[PDB]
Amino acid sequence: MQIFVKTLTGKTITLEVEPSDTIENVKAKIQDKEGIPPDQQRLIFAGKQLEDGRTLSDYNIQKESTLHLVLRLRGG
């Protein structure tokens, strides 16, 4: 399936992905197209900071779901 990712500027890129894909796999596809190391990527869905371990299915991310891209943030 294809999901959407809203990059910093607001431009939306399309990624072919599989429900079983990990977030790190998604960051990699973002990195290949936008050139941001996964270390610096943070993906937000339903207000949640999606973590590297879990999968798209773990978050109920279905077809045409949009993730929002942000930079590494630290509340500390």
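Each residue number is its position in the shown sequence, starting from 1. Under this definition, the rigid core comprises the largest set of C-alpha atoms superposing within 1.5 Å between the forms.
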| remark: Core superposition done, the stretch whose Cα atoms deviate more in 5 other deposited structures of this protein, picking from 14-22 and 64-72, is 64-72
| said: Which segment is farther from the shown form on average in 5 other deposited structures of this protein after a rigid core fit, 48-56 or 5-13, going by CA atoms? | reply: 5-13
| If you average the CA temperature factors over each stretch, which comes out higher, 64-72 or 15-23? | 15-23
| said: Mean Cα B factor from the PDB record: higher for 37-45, or higher for 24-32? | reply: 24-32
